[PDB]
Amino acid sequence: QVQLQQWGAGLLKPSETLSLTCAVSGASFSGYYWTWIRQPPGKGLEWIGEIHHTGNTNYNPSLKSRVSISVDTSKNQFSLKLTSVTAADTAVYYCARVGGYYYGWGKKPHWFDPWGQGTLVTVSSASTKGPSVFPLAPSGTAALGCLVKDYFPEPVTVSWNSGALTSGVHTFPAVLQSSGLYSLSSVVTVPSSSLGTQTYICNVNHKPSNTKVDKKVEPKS
Amino acid sequence: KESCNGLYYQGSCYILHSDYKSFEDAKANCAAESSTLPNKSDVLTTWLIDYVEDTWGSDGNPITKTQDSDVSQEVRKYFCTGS
Amino acid sequence: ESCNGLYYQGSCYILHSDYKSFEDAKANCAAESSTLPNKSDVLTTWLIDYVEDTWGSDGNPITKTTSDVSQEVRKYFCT
Amino acid sequence: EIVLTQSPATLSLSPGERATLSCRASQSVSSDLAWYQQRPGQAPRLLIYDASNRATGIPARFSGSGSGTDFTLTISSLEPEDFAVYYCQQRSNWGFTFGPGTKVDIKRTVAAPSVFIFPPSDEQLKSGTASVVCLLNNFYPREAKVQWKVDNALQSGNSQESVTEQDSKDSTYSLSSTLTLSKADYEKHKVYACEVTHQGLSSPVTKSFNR
């Protein structure tokens, strides 16, 4: 049963160098090629490079300018370096094994098994910051919500009326803005009748900055 | 006199199947060709060891010149020898 | 009878499983009065299942079809 | 470079149905093609290598076929655990590429999106930044185009979208688009419109407000 484990800096400023390391147990380290594959959040997968215990490396041509893969045979480990890290490099990086035992002669293995748990690397020059919560006031059924903008890092937990409102609530996944700060939208659909009677307050909790915000959303005039 | 497209040692012709299969699939595929996987003892001390190494043997394990072999979920190449 | 390897039309290819550079592999075949396989001689033959991804006489790995090889180490055949 | 394409982008099927995903290549890859299944928040898991062979312990309802430039993955009877994204893979020349992927959804009736628009609040507008939020609520299928129009001029490069996972109860989707602009540029226009194009709508619906 082959097992892989990854570690590395999960937060990098632009122009810095990415550094990840993958450790292997339960298999013949000098018997397979070992690859790195990155998946930008919400997009498809991209192969980065591969390495063998002999030191042979193959790199994706679109990344050969700034990709270096090293091997530590005495520790059953292999590392990845990505210089000049841009905002496009924000991705979940997996280390994997080429599942065919590389003989050194004949047809070459072409699949990936097993896969690592993955290490998220986020590219932003931003520091830890509390979230700014703004109200999305309601205009048949009405809709309202809260904009949790300009916070870092993840995550933020949003509830409604201290957890007393669950039906019709949609908390969207956070998006990483061009400023390097995350933004999130949490909305809820309520009957138009209840707008005059019920008080709606969204509770945004951001543990990394220790910020708890209770913003009341009130109808438009 | 010999149509053997592979390794011929003592009347036995080994033909390489470069597709990666499990041990049971490799054994069944050789059997479907009226052949068997190489015997580890038949090729261990021969020049064939540079080819049939790390491929499936008739004994159920990859043919090696020698940690905790978990070889029921592994897939390897194999040779079939027959007549 | 004396071919310890692959025999295709009078040519006997012997596998060297030690990883060497192109220059070292070429020198080793030369020391055995042999040469590296020709890519065109084995590309359209059954030998491609054996000599693929090993050193060719042209300085590049023998690959099916296709079209920095200076620090790489691979196995090789001498004939 | 060889490009892998997958069609359709989304397959809508009920549990127990037979899902057939296809993967095409720009040029021939022989049988050096693999399939993967990825659930939300997990690493991809190999299903089939050599385009035909099941991986170890992969249930027999998964089958693979094809060689050269056309490949298909087939699940004879869909399980609830099988509703995920399926990725196509290949190796050629000196490299590995992936297909765009195909998400297998839960089939339901076509539901039109409920479109709402929220002008920026006064608290944020004082801070020099304006964020107009457009909400598409409880629609199906997931394909929906959201376009921002400021005084009828199509916006580009100043909006971000977020789509929820398929809902547990009604199997619908929701989308939120945030149009972030400066306070100055916000005050240089009056009409702000969110235009939604969807299968369940007879015409593109526009929600507008005046500053």
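Summary of values
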{"item": "30 Å Cα-Cα threshold exceeded, pairs from A:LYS43/D:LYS107; A:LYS13/A:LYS207; A:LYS13/D:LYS103", "result": "A:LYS13/D:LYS103"}
{"item": "Hull-based mean projected area of region D:4-106, where the convex hull spans the alpha carbons, in square nanometres", "result": "6.0 nm²"}
{"item": "D (Stokes-Einstein, µm²/s), Kirkwood Cα radius, region D:114-210, 1.306 mPa s at 10 °C", "result": "113 µm²/s"}
{"item": "The protein assembly as shown, helix-only ellipticity at 222 nm - DSSP H runs n ≥ 4, -39,500 (n - 2.57), divided by all residues, nearest 500", "result": "-1500 deg cm²/dmol"}
{"item": "Kirkwood Rh and Cα Rg combined as Rg over Rh, evaluated for region A:122-182", "result": "1.03"}
{"item": "Sorted by Cβ density within 10 Å, fewest first, the residues D:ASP185, A:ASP113", "result": "D:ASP185, A:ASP113"}
{"item": "11 Å beta-carbon shell around A:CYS95, net charge (K/R +1, D/E -1)", "result": "+1"}
{"item": "Cα-based Rg and Dmax for the protein assembly as shown, where Dmax is the largest Cα-Cα distance (Å)", "result": "29.5, 99"}
{"item": "Size of electric dipole in the protein assembly as shown: Cβ of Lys, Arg +1 and of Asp, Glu -1, about Cα centre, debye, nearest 20", "result": "2160 debye"}
{"item": "Convex hull of Cα atoms in chain D, direction-averaged projection (nm²)", "result": "14.8 nm²"}
{"item": "Cubic angstrom per residue, convex hull over Cα atoms of region D:153-199", "result": "113 Å³"}
{"item": "Trypsin sites (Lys or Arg not before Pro) within region B:1-64, DSSP loop, no more than 16 other Cβ atoms inside 10 Å", "result": "B:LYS1"}
{"item": "nm² value of the averaged projected area, convex hull over the Cα atoms of region A:132-217", "result": "5.6 nm²"}
{"item": "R0 of 22 Å, Cβ-Cβ distance D:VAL110-D:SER156: FRET efficiency to nearest 0.05", "result": "0.15"}
{"item": "Virtual paramagnetic centre 7 Å along Cα→Cβ of A:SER167, amide N under 18 Å, in region A:178-221", "result": "A:187-201"}
{"item": "All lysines inside 20 Å of A:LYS220 as judged from Cα atoms, apart from same-chain residues fewer than 8 positions distant", "result": "D:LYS126, D:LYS190, D:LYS207"}
{"item": "Debye, to nearest 20: dipole size of chain D, +1 on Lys, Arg Cβ, -1 on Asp, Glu Cβ", "result": "180 debye"}
{"item": "In nm, spacing of pseudo-spin labels at D:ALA60 and D:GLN199 (7 Å Cα→C-beta vector)", "result": "3.4 nm"}
{"item": "Region D:114-210: relative contact order in percent, alpha carbon pairs under 8 Å with at least 6 residues between", "result": "33 percent"}
{"item": "Simple spin-label estimate for A:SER127 and B:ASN61 in nanometres, 7 Å along Cα-Cβ", "result": "6.0 nm"}
{"item": "For chain A, with +1 on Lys and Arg beta carbons and -1 on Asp and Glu, the positive-most of A:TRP47, A:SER193, A:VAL2 along the dipole", "result": "A:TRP47"}
{"item": "Rough spin-label spacing in nm, given labels placed 7 Å along Cα→Cβ, for D:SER67 and B:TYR9", "result": "2.9 nm"}
{"item": "Theoretical FRET efficiency, 1/(1+(r/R0)^6), r = Cβ-Cβ of D:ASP185 and A:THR54, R0 56 Å, to 0.05", "result": "0.45"}
{"item": "For the protein assembly as shown, with +1 on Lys and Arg beta carbons and -1 on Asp and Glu, the positive-most of A:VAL169, B:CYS80, D:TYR173 along the dipole", "result": "A:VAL169"}
{"item": "Candidates per trypsin sites (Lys or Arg not before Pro) in region D:101-173, loop by DSSP, up to 12 other Cβ within 10 Å", "result": "D:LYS169"}
{"item": "Diffusion constant of chain A at 10 °C, which comes from Stokes-Einstein with the Kirkwood Cα-pair radius and 1.306 mPa s, µm²/s", "result": "78 µm²/s"}
{"item": "Against the rule of thumb 2.2 N^0.38 Å, how large the Cα Rg of chain B comes out", "result": "1.03"}
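Note that we place each Cβ from the backbone using ideal geometry, even for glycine, and neighbour counts take in every protein chain shown. Taken together, the values in this text are just the output of simple stated rules run on the coordinates, not laboratory data.
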